[PDB]
$ cat input_30.txt   # compact mmCIF, N, CA and C atoms
# COMPACT_ATOMS: atom_id res chain seq x y z
N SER Q 151 32.68 -15.68 1.36
CA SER Q 151 32.14 -14.32 1.16
C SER Q 151 30.91 -14.09 2.03
N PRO Q 152 30.90 -13.00 2.80
CA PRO Q 152 29.77 -12.63 3.67
C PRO Q 152 28.49 -12.38 2.88
N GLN Q 153 27.68 -13.42 2.74
CA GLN Q 153 26.46 -13.35 1.96
C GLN Q 153 25.28 -12.92 2.82
N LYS Q 154 24.89 -11.67 2.69
CA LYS Q 154 23.75 -11.13 3.41
C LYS Q 154 22.74 -10.55 2.44
N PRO Q 155 21.60 -11.22 2.25
CA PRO Q 155 20.56 -10.77 1.33
C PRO Q 155 19.85 -9.51 1.83
N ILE Q 156 19.22 -8.79 0.93
CA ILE Q 156 18.57 -7.53 1.26
C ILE Q 156 17.14 -7.50 0.74
N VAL Q 157 16.36 -6.53 1.21
CA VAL Q 157 14.96 -6.42 0.83
C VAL Q 157 14.66 -5.01 0.32
N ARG Q 158 14.08 -4.92 -0.87
CA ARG Q 158 13.92 -3.64 -1.56
C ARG Q 158 12.57 -3.02 -1.29
N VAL Q 159 12.51 -2.20 -0.27
CA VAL Q 159 11.28 -1.55 0.11
C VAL Q 159 11.17 -0.18 -0.54
N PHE Q 160 9.96 0.31 -0.55
CA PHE Q 160 9.63 1.59 -1.14
C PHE Q 160 8.93 2.47 -0.12
N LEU Q 161 9.63 3.48 0.38
CA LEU Q 161 9.10 4.33 1.44
C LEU Q 161 8.18 5.39 0.83
N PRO Q 162 7.39 6.09 1.66
CA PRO Q 162 6.49 7.16 1.22
C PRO Q 162 7.16 8.18 0.29
N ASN Q 163 6.37 8.72 -0.63
CA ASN Q 163 6.83 9.74 -1.58
C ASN Q 163 7.80 9.16 -2.59
N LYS Q 164 7.56 7.90 -2.96
CA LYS Q 164 8.35 7.21 -3.98
C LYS Q 164 9.81 7.08 -3.58
N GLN Q 165 10.04 6.73 -2.33
CA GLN Q 165 11.38 6.49 -1.84
C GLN Q 165 11.67 5.00 -1.86
N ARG Q 166 12.93 4.62 -1.73
CA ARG Q 166 13.30 3.22 -1.76
C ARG Q 166 14.48 2.95 -0.83
N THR Q 167 14.48 1.78 -0.22
CA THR Q 167 15.56 1.36 0.64
C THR Q 167 15.76 -0.13 0.52
N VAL Q 168 16.98 -0.60 0.71
CA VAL Q 168 17.20 -2.02 0.82
C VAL Q 168 17.83 -2.33 2.16
N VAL Q 169 17.22 -3.24 2.88
CA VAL Q 169 17.65 -3.60 4.21
C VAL Q 169 17.93 -5.09 4.27
N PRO Q 170 19.07 -5.49 4.86
CA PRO Q 170 19.43 -6.90 4.98
C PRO Q 170 18.31 -7.73 5.59
N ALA Q 171 17.97 -8.81 4.91
CA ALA Q 171 16.88 -9.68 5.32
C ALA Q 171 17.27 -10.46 6.56
N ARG Q 172 17.18 -9.79 7.70
CA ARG Q 172 17.56 -10.36 8.98
C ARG Q 172 16.59 -11.46 9.41
N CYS Q 173 17.09 -12.68 9.51
CA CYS Q 173 16.31 -13.77 10.06
C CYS Q 173 16.34 -13.69 11.58
N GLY Q 174 15.21 -13.34 12.17
CA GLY Q 174 15.16 -13.09 13.59
C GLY Q 174 14.90 -11.62 13.88
N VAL Q 175 14.39 -10.93 12.87
CA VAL Q 175 14.08 -9.52 12.98
C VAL Q 175 12.77 -9.23 12.25
N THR Q 176 11.90 -8.49 12.91
CA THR Q 176 10.64 -8.10 12.31
C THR Q 176 10.87 -7.01 11.28
N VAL Q 177 9.98 -6.92 10.28
CA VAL Q 177 10.04 -5.85 9.31
C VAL Q 177 9.94 -4.52 10.04
N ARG Q 178 9.39 -4.56 11.25
CA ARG Q 178 9.33 -3.41 12.11
C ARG Q 178 10.71 -2.89 12.41
N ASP Q 179 11.54 -3.74 12.99
CA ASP Q 179 12.90 -3.35 13.39
C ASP Q 179 13.76 -3.00 12.18
N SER Q 180 13.72 -3.87 11.20
CA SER Q 180 14.50 -3.71 9.98
C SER Q 180 14.11 -2.41 9.24
N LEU Q 181 12.84 -2.27 8.91
CA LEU Q 181 12.35 -1.09 8.21
C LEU Q 181 12.27 0.11 9.15
N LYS Q 182 12.35 -0.15 10.46
CA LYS Q 182 12.41 0.94 11.43
C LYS Q 182 13.62 1.78 11.15
N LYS Q 183 14.74 1.11 10.97
CA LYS Q 183 15.96 1.79 10.59
C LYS Q 183 15.78 2.50 9.26
N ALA Q 184 15.26 1.77 8.29
CA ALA Q 184 14.97 2.33 6.97
C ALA Q 184 14.23 3.67 7.04
N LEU Q 185 13.11 3.69 7.77
CA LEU Q 185 12.30 4.89 7.92
C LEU Q 185 12.95 5.90 8.85
N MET Q 186 13.48 5.41 9.96
CA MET Q 186 14.04 6.26 10.99
C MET Q 186 15.28 7.00 10.48
N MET Q 187 16.05 6.36 9.61
CA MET Q 187 17.21 7.01 8.99
C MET Q 187 16.74 8.02 7.95
N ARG Q 188 15.45 7.98 7.65
CA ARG Q 188 14.86 8.84 6.65
C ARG Q 188 13.95 9.89 7.29
N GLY Q 189 13.88 9.87 8.62
CA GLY Q 189 13.06 10.83 9.34
C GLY Q 189 11.59 10.47 9.31
N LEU Q 190 11.30 9.20 9.07
CA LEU Q 190 9.94 8.71 9.02
C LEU Q 190 9.69 7.76 10.18
N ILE Q 191 8.44 7.35 10.34
CA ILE Q 191 8.08 6.40 11.39
C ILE Q 191 7.19 5.29 10.85
N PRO Q 192 7.53 4.03 11.18
CA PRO Q 192 6.78 2.85 10.73
C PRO Q 192 5.36 2.78 11.29
N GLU Q 193 5.13 3.49 12.40
CA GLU Q 193 3.83 3.46 13.06
C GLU Q 193 2.72 4.01 12.17
N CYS Q 194 3.06 4.99 11.34
CA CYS Q 194 2.08 5.60 10.46
C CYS Q 194 2.25 5.06 9.04
N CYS Q 195 2.68 3.81 8.94
CA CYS Q 195 2.93 3.19 7.65
C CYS Q 195 2.53 1.72 7.66
N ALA Q 196 2.48 1.12 6.48
CA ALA Q 196 2.20 -0.30 6.34
C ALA Q 196 3.11 -0.92 5.29
N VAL Q 197 3.34 -2.22 5.39
CA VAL Q 197 4.22 -2.92 4.47
C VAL Q 197 3.41 -3.79 3.52
N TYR Q 198 3.75 -3.78 2.24
CA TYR Q 198 3.10 -4.64 1.26
C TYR Q 198 4.14 -5.36 0.42
N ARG Q 199 3.79 -6.53 -0.07
CA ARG Q 199 4.57 -7.19 -1.10
C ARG Q 199 3.69 -7.40 -2.32
N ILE Q 200 4.05 -6.75 -3.42
CA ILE Q 200 3.24 -6.80 -4.62
C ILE Q 200 3.58 -8.03 -5.46
N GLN Q 201 2.64 -8.95 -5.56
CA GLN Q 201 2.76 -10.06 -6.47
C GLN Q 201 2.17 -9.64 -7.82
N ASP Q 202 1.62 -10.59 -8.58
CA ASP Q 202 1.03 -10.29 -9.89
C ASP Q 202 -0.07 -9.23 -9.81
N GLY Q 203 0.34 -7.97 -9.76
CA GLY Q 203 -0.59 -6.87 -9.68
C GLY Q 203 -1.43 -6.89 -8.42
N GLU Q 204 -0.97 -7.63 -7.41
CA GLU Q 204 -1.75 -7.76 -6.18
C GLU Q 204 -0.93 -7.38 -4.96
N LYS Q 205 -1.53 -6.61 -4.07
CA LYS Q 205 -0.86 -6.14 -2.88
C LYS Q 205 -1.09 -7.10 -1.73
N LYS Q 206 -0.01 -7.52 -1.09
CA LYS Q 206 -0.12 -8.35 0.09
C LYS Q 206 0.35 -7.57 1.30
N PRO Q 207 -0.58 -7.00 2.08
CA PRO Q 207 -0.23 -6.24 3.27
C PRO Q 207 0.38 -7.11 4.34
N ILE Q 208 1.61 -6.78 4.67
CA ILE Q 208 2.41 -7.50 5.62
C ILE Q 208 2.32 -6.85 7.00
N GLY Q 209 2.54 -7.66 8.03
CA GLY Q 209 2.54 -7.16 9.38
C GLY Q 209 3.89 -6.64 9.78
N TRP Q 210 3.93 -5.59 10.59
CA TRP Q 210 5.20 -5.05 11.04
C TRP Q 210 5.90 -6.02 11.98
N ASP Q 211 5.12 -6.87 12.64
CA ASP Q 211 5.68 -7.89 13.51
C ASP Q 211 6.01 -9.16 12.73
N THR Q 212 5.93 -9.06 11.41
CA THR Q 212 6.32 -10.15 10.54
C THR Q 212 7.83 -10.11 10.33
N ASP Q 213 8.47 -11.26 10.25
CA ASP Q 213 9.91 -11.32 10.05
C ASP Q 213 10.25 -10.99 8.60
N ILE Q 214 11.29 -10.19 8.41
CA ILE Q 214 11.65 -9.69 7.09
C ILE Q 214 12.40 -10.75 6.28
N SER Q 215 12.92 -11.78 6.95
CA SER Q 215 13.60 -12.86 6.24
C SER Q 215 12.60 -13.68 5.44
N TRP Q 216 11.32 -13.50 5.73
CA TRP Q 216 10.26 -14.14 4.95
C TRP Q 216 10.25 -13.54 3.55
N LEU Q 217 10.42 -12.22 3.51
CA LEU Q 217 10.34 -11.46 2.27
C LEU Q 217 11.74 -11.17 1.73
N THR Q 218 12.67 -12.09 1.99
CA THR Q 218 14.05 -11.95 1.55
C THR Q 218 14.17 -11.66 0.06
N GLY Q 219 14.64 -10.47 -0.24
CA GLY Q 219 14.99 -10.12 -1.60
C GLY Q 219 13.81 -9.64 -2.42
N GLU Q 220 12.65 -9.55 -1.80
CA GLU Q 220 11.45 -9.11 -2.48
C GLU Q 220 11.33 -7.59 -2.40
N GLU Q 221 10.63 -7.00 -3.36
CA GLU Q 221 10.37 -5.58 -3.34
C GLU Q 221 9.12 -5.30 -2.50
N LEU Q 222 9.31 -4.67 -1.35
CA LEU Q 222 8.20 -4.36 -0.47
C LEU Q 222 7.85 -2.88 -0.57
N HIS Q 223 6.69 -2.51 -0.07
CA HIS Q 223 6.25 -1.12 -0.12
C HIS Q 223 5.80 -0.66 1.26
N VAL Q 224 6.22 0.53 1.63
CA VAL Q 224 5.80 1.14 2.88
C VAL Q 224 4.95 2.37 2.57
N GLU Q 225 3.67 2.26 2.84
CA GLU Q 225 2.72 3.30 2.51
C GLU Q 225 2.22 3.98 3.78
N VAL Q 226 1.77 5.22 3.65
CA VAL Q 226 1.40 6.01 4.81
C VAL Q 226 -0.04 5.75 5.21
N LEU Q 227 -0.25 5.51 6.49
CA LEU Q 227 -1.60 5.39 7.03
C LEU Q 227 -2.21 6.78 7.15
N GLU Q 228 -2.68 7.27 6.02
CA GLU Q 228 -3.22 8.61 5.91
C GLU Q 228 -4.56 8.54 5.19
N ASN Q 229 -5.63 8.66 5.95
CA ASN Q 229 -6.98 8.54 5.42
C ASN Q 229 -7.42 9.84 4.76
N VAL Q 230 -6.91 10.09 3.57
CA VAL Q 230 -7.26 11.28 2.81
C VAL Q 230 -7.79 10.91 1.43

$ encode --input "input_30.txt" --output "structure tokens"
Amino acid sequence: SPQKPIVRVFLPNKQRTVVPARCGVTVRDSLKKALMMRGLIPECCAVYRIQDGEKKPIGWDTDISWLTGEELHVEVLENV
């Protein structure tokens, strides 16, 4: 059976996407599709992985297979 794990991200405005945890792909490329298919852009966003009530800001050049199957968050770089 084709076993391909996914990653549960949360896009701006309480959106959510799951993208296959590509080993050899940055969260940039992976979530790029996620945002780009949603009319959004990763450039004005950041990735986090929430542990025990704690936010771990991830790099877009970080590989998404690191965060395989974890719930990540994509928040808007909007200083308001």

$ select_by_dssp --input "input_30.txt" --residues "chain Q" --states "alpha helix (DSSP H)" --output "ChimeraX atom specification"
/Q:177-186

$ residues_around --input "input_30.txt" --residues "residue 155 in chain Q" --least-positions-apart "3" --cutoff "6.5 Å" --atoms "only N, CA and C atoms" --output "list in words"
residues 169, 170, 171, 172, 218 and 219 of chain Q

$ write_last_selection --input "input_30.txt" --atoms "N, CA and C atoms" --output "PDB file, in the coordinates of the input"
ATOM      1  N   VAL Q 169      17.220  -3.240   2.880  1.00  0.00           N
ATOM      2  CA  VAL Q 169      17.650  -3.600   4.210  1.00  0.00           C
ATOM      3  C   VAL Q 169      17.930  -5.090   4.270  1.00  0.00           C
ATOM      4  N   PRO Q 170      19.070  -5.490   4.860  1.00  0.00           N
ATOM      5  CA  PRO Q 170      19.430  -6.900   4.980  1.00  0.00           C
ATOM      6  C   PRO Q 170      18.310  -7.730   5.590  1.00  0.00           C
ATOM      7  N   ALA Q 171      17.970  -8.810   4.910  1.00  0.00           N
ATOM      8  CA  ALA Q 171      16.880  -9.680   5.320  1.00  0.00           C
ATOM      9  C   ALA Q 171      17.270 -10.460   6.560  1.00  0.00           C
ATOM     10  N   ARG Q 172      17.180  -9.790   7.700  1.00  0.00           N
ATOM     11  CA  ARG Q 172      17.560 -10.360   8.980  1.00  0.00           C
ATOM     12  C   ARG Q 172      16.590 -11.460   9.410  1.00  0.00           C
ATOM     13  N   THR Q 218      12.670 -12.090   1.990  1.00  0.00           N
ATOM     14  CA  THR Q 218      14.050 -11.950   1.550  1.00  0.00           C
ATOM     15  C   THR Q 218      14.170 -11.660   0.060  1.00  0.00           C
ATOM     16  N   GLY Q 219      14.640 -10.470  -0.240  1.00  0.00           N
ATOM     17  CA  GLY Q 219      14.990 -10.120  -1.600  1.00  0.00           C
ATOM     18  C   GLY Q 219      13.810  -9.640  -2.420  1.00  0.00           C
TER      19      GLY Q 219
END

$ atom_distance --input "input_30.txt" --atom1 "CA of residue 226 in chain Q" --atom2 "atom N of residue 162 in chain Q"
6.8 Å

$ atom_distance --input "input_30.txt" --atom1 "CA of residue 158 in chain Q" --atom2 "CA of residue 229 in chain Q"
25.2 Å

$ select_by_dssp --input "input_30.txt" --residues "chain Q" --states "strand (DSSP E)" --output "mmCIF file with N, CA and C atoms, in the frame of the given file"
data_model
loop_
_atom_site.group_PDB
_atom_site.id
_atom_site.type_symbol
_atom_site.label_atom_id
_atom_site.label_comp_id
_atom_site.auth_asym_id
_atom_site.auth_seq_id
_atom_site.Cartn_x
_atom_site.Cartn_y
_atom_site.Cartn_z
ATOM 1 N N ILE Q 156 19.220 -8.790 0.930
ATOM 2 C CA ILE Q 156 18.570 -7.530 1.260
ATOM 3 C C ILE Q 156 17.140 -7.500 0.740
ATOM 4 N N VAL Q 157 16.360 -6.530 1.210
ATOM 5 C CA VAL Q 157 14.960 -6.420 0.830
ATOM 6 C C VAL Q 157 14.660 -5.010 0.320
ATOM 7 N N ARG Q 158 14.080 -4.920 -0.870
ATOM 8 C CA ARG Q 158 13.920 -3.640 -1.560
ATOM 9 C C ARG Q 158 12.570 -3.020 -1.290
ATOM 10 N N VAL Q 159 12.510 -2.200 -0.270
ATOM 11 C CA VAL Q 159 11.280 -1.550 0.110
ATOM 12 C C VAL Q 159 11.170 -0.180 -0.540
ATOM 13 N N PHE Q 160 9.960 0.310 -0.550
ATOM 14 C CA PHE Q 160 9.630 1.590 -1.140
ATOM 15 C C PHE Q 160 8.930 2.470 -0.120
ATOM 16 N N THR Q 167 14.480 1.780 -0.220
ATOM 17 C CA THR Q 167 15.560 1.360 0.640
ATOM 18 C C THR Q 167 15.760 -0.130 0.520
ATOM 19 N N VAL Q 168 16.980 -0.600 0.710
ATOM 20 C CA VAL Q 168 17.200 -2.020 0.820
ATOM 21 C C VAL Q 168 17.830 -2.330 2.160
ATOM 22 N N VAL Q 169 17.220 -3.240 2.880
ATOM 23 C CA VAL Q 169 17.650 -3.600 4.210
ATOM 24 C C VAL Q 169 17.930 -5.090 4.270
ATOM 25 N N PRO Q 170 19.070 -5.490 4.860
ATOM 26 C CA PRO Q 170 19.430 -6.900 4.980
ATOM 27 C C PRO Q 170 18.310 -7.730 5.590
ATOM 28 N N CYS Q 195 2.680 3.810 8.940
ATOM 29 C CA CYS Q 195 2.930 3.190 7.650
ATOM 30 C C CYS Q 195 2.530 1.720 7.660
ATOM 31 N N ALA Q 196 2.480 1.120 6.480
ATOM 32 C CA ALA Q 196 2.200 -0.300 6.340
ATOM 33 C C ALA Q 196 3.110 -0.920 5.290
ATOM 34 N N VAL Q 197 3.340 -2.220 5.390
ATOM 35 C CA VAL Q 197 4.220 -2.920 4.470
ATOM 36 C C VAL Q 197 3.410 -3.790 3.520
ATOM 37 N N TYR Q 198 3.750 -3.780 2.240
ATOM 38 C CA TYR Q 198 3.100 -4.640 1.260
ATOM 39 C C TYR Q 198 4.140 -5.360 0.420
ATOM 40 N N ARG Q 199 3.790 -6.530 -0.070
ATOM 41 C CA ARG Q 199 4.570 -7.190 -1.100
ATOM 42 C C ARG Q 199 3.690 -7.400 -2.320
ATOM 43 N N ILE Q 200 4.050 -6.750 -3.420
ATOM 44 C CA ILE Q 200 3.240 -6.800 -4.620
ATOM 45 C C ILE Q 200 3.580 -8.030 -5.460
ATOM 46 N N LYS Q 205 -1.530 -6.610 -4.070
ATOM 47 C CA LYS Q 205 -0.860 -6.140 -2.880
ATOM 48 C C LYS Q 205 -1.090 -7.100 -1.730
ATOM 49 N N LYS Q 206 -0.010 -7.520 -1.090
ATOM 50 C CA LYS Q 206 -0.120 -8.350 0.090
ATOM 51 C C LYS Q 206 0.350 -7.570 1.300
ATOM 52 N N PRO Q 207 -0.580 -7.000 2.080
ATOM 53 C CA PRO Q 207 -0.230 -6.240 3.270
ATOM 54 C C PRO Q 207 0.380 -7.110 4.340
ATOM 55 N N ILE Q 208 1.610 -6.780 4.670
ATOM 56 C CA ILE Q 208 2.410 -7.500 5.620
ATOM 57 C C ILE Q 208 2.320 -6.850 7.000
ATOM 58 N N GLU Q 221 10.630 -7.000 -3.360
ATOM 59 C CA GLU Q 221 10.370 -5.580 -3.340
ATOM 60 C C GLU Q 221 9.120 -5.300 -2.500
ATOM 61 N N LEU Q 222 9.310 -4.670 -1.350
ATOM 62 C CA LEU Q 222 8.200 -4.360 -0.470
ATOM 63 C C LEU Q 222 7.850 -2.880 -0.570
ATOM 64 N N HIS Q 223 6.690 -2.510 -0.070
ATOM 65 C CA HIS Q 223 6.250 -1.120 -0.120
ATOM 66 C C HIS Q 223 5.800 -0.660 1.260
ATOM 67 N N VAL Q 224 6.220 0.530 1.630
ATOM 68 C CA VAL Q 224 5.800 1.140 2.880
ATOM 69 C C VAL Q 224 4.950 2.370 2.570
ATOM 70 N N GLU Q 225 3.670 2.260 2.840
ATOM 71 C CA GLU Q 225 2.720 3.300 2.510
ATOM 72 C C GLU Q 225 2.220 3.980 3.780
ATOM 73 N N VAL Q 226 1.770 5.220 3.650
ATOM 74 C CA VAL Q 226 1.400 6.010 4.810
ATOM 75 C C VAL Q 226 -0.040 5.750 5.210
#

$ residues_around --input "input_30.txt" --residues "range 212-216 of chain Q" --least-positions-apart "5" --cutoff "6.5 Å" --atoms "all atoms listed in the file" --output "list in words"
residues 171, 172, 173, 174, 175, 176, 177 and 178 of chain Q

$ closest_residue --input "input_30.txt" --among "Q:166, Q:183, Q:223, Q:154" --to "residue 195 in chain Q" --atoms "only N, CA and C atoms"
Q:223

$ atom_distance --input "input_30.txt" --atom1 "atom N of residue 160 in chain Q" --atom2 "atom N of residue 186 in chain Q"
12.2 Å

$ residues_near_point --input "input_30.txt" --point "(-0.8, -5.4, 2.3)" --cutoff "5 Å" --atoms "only N, CA and C atoms" --output "list in words"
residues 197, 198, 205, 206, 207 and 208 of chain Q

$ closest_residue --input "input_30.txt" --among "Q:181, Q:159, Q:227, Q:222" --to "residue 194 in chain Q" --atoms "only C-alpha atoms"
Q:227
